[PDB]
Structures are given as C-alpha cells and as structure tokens.
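Chemist: I am attaching a structure below and will ask some questions about it afterwards.
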Amino acid sequence: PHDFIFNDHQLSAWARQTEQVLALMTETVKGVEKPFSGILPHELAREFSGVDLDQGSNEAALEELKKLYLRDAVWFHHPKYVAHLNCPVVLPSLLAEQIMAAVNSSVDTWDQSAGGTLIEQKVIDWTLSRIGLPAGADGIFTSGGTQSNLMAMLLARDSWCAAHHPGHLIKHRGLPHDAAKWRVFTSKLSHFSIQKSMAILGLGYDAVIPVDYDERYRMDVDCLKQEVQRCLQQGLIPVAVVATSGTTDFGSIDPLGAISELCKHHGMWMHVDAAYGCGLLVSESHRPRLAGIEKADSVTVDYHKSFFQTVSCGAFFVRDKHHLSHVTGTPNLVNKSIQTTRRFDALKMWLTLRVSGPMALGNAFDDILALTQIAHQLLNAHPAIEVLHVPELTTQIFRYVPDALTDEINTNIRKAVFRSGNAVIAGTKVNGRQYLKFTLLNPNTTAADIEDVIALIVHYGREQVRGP
Amino acid sequence: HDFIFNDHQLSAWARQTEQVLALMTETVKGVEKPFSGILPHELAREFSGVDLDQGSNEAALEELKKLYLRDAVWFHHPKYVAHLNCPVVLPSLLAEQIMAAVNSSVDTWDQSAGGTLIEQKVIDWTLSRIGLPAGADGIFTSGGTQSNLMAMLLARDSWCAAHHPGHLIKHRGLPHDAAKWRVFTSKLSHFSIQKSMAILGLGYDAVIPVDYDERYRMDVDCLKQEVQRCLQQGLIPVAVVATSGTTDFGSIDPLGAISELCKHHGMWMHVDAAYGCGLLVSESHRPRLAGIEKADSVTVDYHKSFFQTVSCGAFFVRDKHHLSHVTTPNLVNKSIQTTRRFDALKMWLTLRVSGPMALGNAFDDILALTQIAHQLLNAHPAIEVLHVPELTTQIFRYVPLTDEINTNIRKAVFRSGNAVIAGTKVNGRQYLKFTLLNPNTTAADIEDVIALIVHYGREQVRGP
Ligand SMILES: *Cc1c(COP(=O)(O)O)cnc(C)c1O
C-alpha cells in the first residue's frame, strides 16, 4: 500500500514525524551558543566517507542528521552571524513552506495551482505598487536574483534586436549580424550575475563595460557618459545599463534618476538590480532612498535577502509586460517564465503580509539600518580599524590596519574568526586589497554583539602581529 | 522583533506548526475529488476582496481555506491523472520542515557546511546509478528546464573551445561560425530545448527536429539522414538531445545507437531523463535505460519520478571540466544559480529513511498500472489508443470536429472536477492524455475516468 506517500491514510504518520522534528529542532536551536562550530570541510568530510546511500526510520536518519548537518550548520538566526546576505527568517515564511510541502502546487499553470496562480499575481502586483512602475507592468517569481538578472539582460538583448532589426526576432533566428557590437554598462561593484548572464546570452563578458564608482562607491554617471561616448567612437552600440540599488559589498545605491536620463537619451534599457536594496520598499522613511527605481525598464528583487523569507523567494519585474513575450482566459504564468515546473514561493510573501504587517517588515529593516550606523560609529571610533564608507544600507567594509602584509593579516583574521566559531564575518577585495565585511540582517543584534565581534577581529589581528 | 524565527520564538513555531497540521488534516480528509471545477474568472471574484496593505495566523489560514485550499488541484487524489505531478513522499516533507527552519544556501560551504557535502553525496549516488565514469559530476538545479539549459550551454561552449582553440564564449561571445551550429532532437522532445537555444543566442532555428518511430522513439536512421543533410548544407552538427522518457508518450529514444552516431561526429550527447529517471531505482526496469551511461550530460527530475516536492532536480556531466564554462567546497563553481536552497536534503532523507528500493517498488507499480490502463483504453471501442506504455503515460482520444470533441471532453471533465486529465497534440490532431504517478490509483479509478471521458464525449455528439 506504499505507506511512504502523503495522502489521507498517512495524515497521522505525517503529524507525528512533524512532532519529532519540532522536538529535535527545539533542542537543537536552544543549544546553539554560537553561529558556527569552526569545523573545516576536510574534518566534516571524514564523517561522510562511509555513508552509503544504498542503505532506519525517521528517528535513525534524524539521529545521523544531528551529526552530519545540524552540528556544524551555519546558524543565520544567531546575532553573531554578520557575514553575507543571509537573513533570519520570519514565522509566516515557515508557515508557508509547511503548507507548500503538503499541497506541492506547481505555479507554472492554472491547472497545477488554481489560487496559487492568483496569489502570486497579488504578491507581484503589490510589489509593483511599491516600486511605482506604471499601469501595464508585470513580473514573475524566479529562483532568485541570478535568474532575474538573466531575464533582464535577455529582455534587453531581445527588445533591442526587435526595435532595430525589423521583425528579426532573436528567439527564432538567433543573433543578428551586429550583436558582437552591443554593450552593457554596469558598475565595477555590480553583482557578477550580470557578466555570467551575458556569457550565457552569447555575448560574453566583453559585452559588459565596467564603469568606475564614486568616493561613496556609487556608480559615477560622468564616467558612464564617458563610457557610452568612448563606446560610440569605437563603432560599438550601447544597449543597456545595469544600475545596482544596493551593491552586494558596500550596500551602495547607484544614482537612479541620472542613469535613467542617460538611458532614455541613448534609447537604452534600464535595469535596476535591487536584490539587496528592495528592503527599502517597505521602509516608512527610507523608501525615498530608492527614488528613480520607478523609472526602470526592469527590476530584480530578493525577498530571500531583505524580506526575511526562506530561499527561494525572489522575483523579476518589467515596466512593459509585452517584453516578457520574448520568453514564451486561462492564467498560465509559464508564459512569463524561463522555468517550467515552479514551486509556490509567493505563498511566503503572501502569508507574511497577511499575518505580519508590511509595516512589521519595514520596522525590522529600519532597525537593521540604524544598527549599521551604530556599527559604523564603533568601527570608526577604533584607531586600529580602517572603515571605507558610511553605511548606505546594512553593510560595512573595513579592515584591520595595525600592503601584501595587511592582506595576509585580514584574510587570516576572517579565517580565525570562522575557526573560533564565535562569529561569522565575510571578506571582499576592494581595488585588489583584502577587506573584511560586516552585513547586518538580524534586528535583534545589539550594540554589545557588534562590540564583541569587533573585539574578536582585533584580538585575532593583534594575534597575527604579536603571535601569542 | 517578535516574528523572527530563533531561540525565543520556538514555542510560537510549534504552536503554529500544530495549527497547520490540524488545518491540513481536516482539509485532506474532506478531499473527495481532485479539483472543484472552478474557473479562473470565478475564483478571481473572491480574490479582489483582499487588500494586501491591510493580522494573525488563525485569520490568515481561515482566509487561505477559500482562496487556496478549496480549489487546489490535489495530486494525491487517485483521479488526478493529467500531467507529471507526482504524489509526494513523507521524508520529502520531513526535509522541507527542517530546510525552512535552518534555511541554508548550498552554493557555498560558508552558508551550509554539511548541506554542501550531503548534496555532493546525493549527486555521487545518482551518478553511480546512471553509471557515468570517474570524473563525472553534477549539481542540483531548479528543475529540468534549467538542467537542459545547462546541457545546451555546455554543448555550445565545449564545441567552441575544442574547435576554436583558446576562444572561450564565456569571454568573447559567439564565434564567427556559430549561426551554422545545429542540435538534433526528437519532435516529441521537450520544448525546453528550443527555449534554451533562444536564450543561448542561436534561436529555434538551430534545432533540427528528428522523426520518430512506430513507438514514438526517435528514429536513428532519420537522425543519420538529418546529420548527413545538415553536413551537405555545410552547417555544423554539434549535439543531440536524446529523451529517455518523452513528456507525452513516455517513449525512450535509443540511447545506445544515438551515442554511436554522436561519437562518430564528435557531437555532444545530452540525455533528458526528467521523467525516465524513475527507472534508475527500479530492480527490473533499469535495463530499459541502458545507453544513458554513454551520455555527455544528463537531466534528472526528482520532483517528477521520485515523489519529491518541487523543487528537486539535478544536472549531470560525464566530464566535470566542462562545468568550467559556468565558473573550500563551493558548489557554486558548477552552477548558473547563486543563492540556492538545500533541495538535496529531500533525496538524502528519502534514501536514508525509505529504501531506494521503496522508490522502485512504487514506480514499478505505477508502470504495471499503466499496462492495465492501456488494456482498458484499447478494449473500449470508443477510445483510440496510440501506443503500448513505455513508461507511465498513455495518449489516446475519443473517436465516435473530432479534435474539437476531445478538447471539450478535457474541459468538461476539469469543470466537473471528478478527474483531471491532460491533453496534447500529435501530428496536428488533438489527443487526450493519462499520466499515472500514483501507486494508489486502482483499475476501478481508471475505469471511472474513462466513463467520464466517454459520457462527456457522447454528450458532444448527441448533445443530450
Ligand atoms: C517536465 C519535463 C522537462 C522540464 O522539467 P521541469 O522540471 O518542468 O523544468 C524536461 N524534459 C522532460 C522530458 C519533461 O517531461
């Protein structure tokens, strides 16, 4: 009778298994004293080596899971996880995943989702209301930021080809003769998905012209102007600009308004990469810091970085829904997607808004913005810490200065902090120099928590200088 | 900040988890048919009564009853017999509950730790089942579509690196001769192939459809003749996509003989096994996938034939160095995604908890049940059947304009909600479709769905 299948017969076996994991996760989460254990990949691989997947009930697998996974997990909920763009998650997100695991709707078509199809559209339309895109706009949920950025360069590429080579559609015929000339402009601090996407699209990293940044690490529009004009004097064709409203390392917001004027003047597609920055769409006071986003031709948004939603939760938005035609009364969302089978990720944003306010999200995001201002204060205050910027969002790039030696010393500080497990820090190269990075996404993290991690950073730094 | 999942909110997590278990038990118990029949414009009339700017679980879940659960398509229900939406196994739900709490992103060791290694464990195992050689590797993806984009990306980029020494498309974009490159697939191949080639900048034109057999397997003598015709136009054969389980017919292209042709031309062989991967765990049916081991890449969907929740898919290559085009155990060096969830836990827990043998037992039953559904379809004088089931699907139509009658049967059935059936188009004619992914569908269910099909059809002709 195939006892393993979710159905009416198995509802009691489902709820008891769910009861066991709550007991196991409750004990696990209560005994988390620190964000990581320090274990090294080779140390952990030792315990994987004699496991043989061609071979115990839930209780036995979960006992083994305890050791292989939970023991050394990176705990993003812990206040001292201040590394990459991994947010703590909110309860209505887990509420949604639990339901989603039972129904397993596929939201590519109405006939595999029903109300899931309409719910996604609601979340999308609500998002578009916050961005301020005009009437005929639309969007779609994707795997995340990377696939949204692919869809953005795909549409820029294909829409340009349709307006400049009369009914020569890339979809059918591939790339026209003059594609090798097309150029996309992005900040040197843009996410690498842009370049990866142009590889995939058959134009290569060479189609991307990196544009210098400001002294506040924002893309310099004077330098963009210069790049577009140098490009026009080589016979090359400017096609698009990627503006990043929250760079991954600096949290810096490119000047949206200025970029959008340059774009229109040269007929270019404006894509706003908001994967991190989209958190400001829910801030009572900070929302104005994204002004100029309403002008974009497309927008990428990650709810799984800045809206405390589990992975995957992210979406891609267009100003004009007709451009989505390059990717394709029954509502079938597959017509706007580059995936086929797709999970009901929108339930997460749907149940979050329904249960928790939208203002509950903004309150959190605001608290993390104010906390980062405090960390910038504490970092700058320190004579041994060199800070590069005042936080435009939730991230702070800094280093310990007691060149190729200062690089060694900071890369060893991060490795030590990691091995100690007592906090998780991230790293970045800025102009070929190793910096350390703090990204703040937990609004329960306090002043005292940041103080602790700073002391750890300077302990291990002084340890590199002084040796113990 | 009360709503953040952490140590202080664990009791609230547990209380809400119990709420959903109560709500879902009630709901699934009262599911008496696979769908309600509601139209989109109908359910929409309720949805606009919701303002997303305007506050607890209990109220949210009460609302969710009418807007989502009420009219959901229930794939567990034995009279769901439409597309490839499998019931789901309990260890898959086990994995999801944990995944939600921990939320690792398995693109990097520093955002998942053991998540990274567990994934590499499930990839190695699937690899052993496929039988690719030593330096093979793979990666979880969002699904078959992305997996097939990966296939065609690698066939494209590897071809160029090998023929245009030190011209990597990664950097320079498409080389001079690329508008000549051609990929060959069956006419019953999945549309993700053409879509990938559009993305890749080569276009639907770069795909050459190949005629199929009397059993809807691609015909290697027609493949030969397409390659040879392509050569004679001076275009460049680069890849073949074999489908070890076509979406519509469940037919398996002849892997053995396609591989011999590819190797003779130095083409890339992709096996799209999104559906036909289920055979990897079957005691006795595995040999029908023989030849897969000769592939340069493979697509597998755990969310189609392994009873895993969406998303659960993977991409496999014979030679790992080809994953260099897409570029501490960091799995992102082999992906075209960045942030990516721990879908591999579903497969890990399923294998740990249930037998790999308990997956094959279920798939074997569904394959048996499809042979009976074909007998019952063939027996009916009003039903025309096209094929003996190579897998789990059966394409057929009601033959008492005939295209119009069958298209209206599928719709009438969906509107009754007593069953859910699919449909498809072969040689410009409209056919209906059964696909059987539920071990608990009985003969009597299949007999019930045919009578519904015949009743609505007779209503088209007669009018009553
Ligand atoms: C469904 C399917 C695909 C696409 O996979 P998704 O998981 O839906 O993206 C590819 N190939 C075949 C044979 C399929 O049946």
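All of this is worked out from the model, or read from it or from the source named; no laboratory instrument gave them. In this analysis, Cβ positions are derived from the backbone assuming ideal geometry, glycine residues included, and neighbour counts consider all displayed protein chains.
Chemist: When the residues of the range A:323-353 are narrowed to those that are within 7 Å of another protein chain (Cβ to nearest Cβ) and away from the ligand (no atom under 16 Å from the Cβ), which ends up surrounded by the fewest Cβ atoms within 10 Å (Cβ to Cβ)?
Modeler: Result: A:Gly329.
Chemist: Tally up the residues in the range B:242-277 that are assigned to a loop (DSSP other than H, G, I, E, B), buried (at least 21 other Cβ atoms within 10 Å of the Cβ) and away from the ligand (no atom under 11 Å from the Cβ), please.
Modeler: Qualifying residue count for the region: 1.
Chemist: Please work out which residue is farthest from the ligand (Cβ to nearest atom), limiting yourself to the range B:125-145 and to residues that are assigned to a helix (DSSP H, G or I) and more than 8 Å from chain A (Cβ to nearest Cβ).
Modeler: B:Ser128
Chemist: Can I ask one more? Could you say whether any residue in the range B:70-79 is at the interface with chain A (Cβ under 7 Å from one of its Cβ atoms), over 30 Å from B:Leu351 (Cβ atoms) and either surrounded by fewer than 20 Cβ atoms within 10 Å (Cβ to Cβ) or out of contact with any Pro (no Cβ under 7 Å at 6 or more places or on another chain) (or both)?
Modeler: Within the range B:70-79, one or more residues are at the interface with chain A (Cβ under 7 Å from one of its Cβ atoms), over 30 Å from B:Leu351 (Cβ atoms) and either surrounded by fewer than 20 Cβ atoms within 10 Å (Cβ to Cβ) or out of contact with any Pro (no Cβ under 7 Å at 6 or more places or on another chain) (or both).
Chemist: For the subset of the range B:288-307 comprising residues that are away from the ligand (no atom under 16 Å from the Cβ) and touching a strand residue (DSSP E or B) at 6+ places or on another chain (Cβ under 7 Å), which member is farthest from the other protein chains (Cβ to nearest Cβ)?
Modeler: B:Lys294
Chemist: List the pairs whose first member sits in the range A:294-307 and is assigned by CATH to the domain that holds A:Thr247, whose second member is of a type in the set (D, E, K, R), and whose Cβ atoms are under 8 Å apart, counting only residues at least 6 apart or on separate chains?
Modeler: A:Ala296/A:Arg319; A:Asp297/A:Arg319; A:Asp297/A:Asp320; A:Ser298/A:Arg319; A:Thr300/A:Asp273; A:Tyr303/A:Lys348
Chemist: Kindly indicate the residue of the range B:187-241 that is among the aliphatic types (A, V, I, L, M), outside any strand (DSSP E or B) and within 14 Å of chain A (Cβ to nearest Cβ) and also farthest from the ligand (Cβ to nearest atom) among those meeting that condition. Break it down into steps so the answer makes sense when it comes.
Modeler: Taking the range B:187-241 first, the residues among the aliphatic types (A, V, I, L, M) are B:188, B:193, B:197-200, B:202, B:206-208, B:210, B:218, B:220, B:223, B:227, B:231, B:235-236, B:238-241.
Okay, now just the ones that are also outside any strand (DSSP E or B), so B:188, B:193, B:197-200, B:202, B:206, B:220, B:223, B:227, B:231, B:235.
Adding the requirement that they be within 14 Å of chain A (Cβ to nearest Cβ) leaves B:193, B:197-200, B:202, B:206, B:235.
Numbers: B:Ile193: 8, B:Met197: 14, B:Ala198: 15, B:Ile199: 14, B:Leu200: 16, B:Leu202: 19, B:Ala206: 18, B:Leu235: 25 Å.
Across the range B:187-241, the extreme among qualifying residues is B:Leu235.
Chemist: With A:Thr411, A:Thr446, A:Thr428, A:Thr406 as the choices, which residue is of a type outside the set (A, V, I, L, M, F, W, C), surrounded by fewer than 19 Cβ atoms within 10 Å (Cβ to Cβ) and in contact with a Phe, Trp or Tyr (Cβ under 6 Å, 6 or more places away or on another chain)?
Modeler: Going through A:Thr411, A:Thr446, A:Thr428, A:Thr406 in turn, the sole match is A:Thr428.
Chemist: Of the residues B:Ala314, B:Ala368, B:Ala373, which single one is within 13 Å of chain A (Cβ to nearest Cβ) and of a type in the set (A, V, I, L, M, F, W, C)?
Modeler: B:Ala368
Chemist: Quick one: B:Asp157 ticks every box in (1) within 16 Å of the ligand (Cβ to nearest atom); (2) out of contact with any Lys or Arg (no Cβ under 6 Å at 6 or more places or on another chain); (3) farther than 22 Å from A:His42 by Cα bar one, so which box is it?
Modeler: (1)
Chemist: Considering only residues that are surrounded by 16 or more Cβ atoms within 10 Å (Cβ to Cβ) and assigned to a loop (DSSP other than H, G, I, E, B), which ones fall in the range B:1-30?
Modeler: Within the range B:1-30, B:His1, B:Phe3, B:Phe5, B:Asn6 qualify.
Chemist: Between a first residue in the range A:209-225 that is of a type in the set (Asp, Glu) and a second residue that is in a helix (DSSP H, G or I) and buried (at least 17 other Cβ atoms within 10 Å of the Cβ), which pairs have beta carbons less than 8 Å apart while being 6 or more apart in sequence or on different chains?
Modeler: The qualifying pairs are A:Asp212/A:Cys223.
Chemist: Can I ask one more? Here are the criteria: (1) at the interface with chain B (Cβ under 10 Å from one of its Cβ atoms); (2) assigned to a loop (DSSP other than H, G, I, E, B). Tell me which single one A:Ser285 does not satisfy.
Modeler: Evaluating A:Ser285 over (1) at the interface with chain B (Cβ under 10 Å from one of its Cβ atoms); (2) assigned to a loop (DSSP other than H, G, I, E, B) leaves (1) as the failure.
Chemist: Here's something else I'd like to know. Picking from B:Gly144, B:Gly138, which residue would you name as being closer than 30 Å to A:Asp72 by Cβ and in contact with a strand residue (DSSP E or B) (Cβ under 9 Å, 6 or more places away or on another chain)?
Modeler: B:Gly138
Chemist: Can we say B:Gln111 is out of contact with any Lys or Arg (no Cβ under 9 Å at 6 or more places or on another chain), at the interface with chain A (Cβ under 7 Å from one of its Cβ atoms) and within 29 Å of B:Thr328 (Cβ to Cβ)?
Modeler: Criteria met by B:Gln111.
Chemist: Let me ask something else. Identify all residues within the range A:61-107 that are within 16 Å of the ligand (Cβ to nearest atom) and among the small types (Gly, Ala, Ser); write none if there are none.
Modeler: Selection gives A:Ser105, A:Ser106.
Chemist: Looking at (1) within 11 Å of chain A (Cβ to nearest Cβ); (2) more than 14 Å from the ligand (Cβ to nearest atom); (3) within 16 Å of the chain's Cα centre (by Cα), which is the only condition B:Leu280 fails?
Modeler: With respect to (1) within 11 Å of chain A (Cβ to nearest Cβ); (2) more than 14 Å from the ligand (Cβ to nearest atom); (3) within 16 Å of the chain's Cα centre (by Cα), B:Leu280 is out only on (1).
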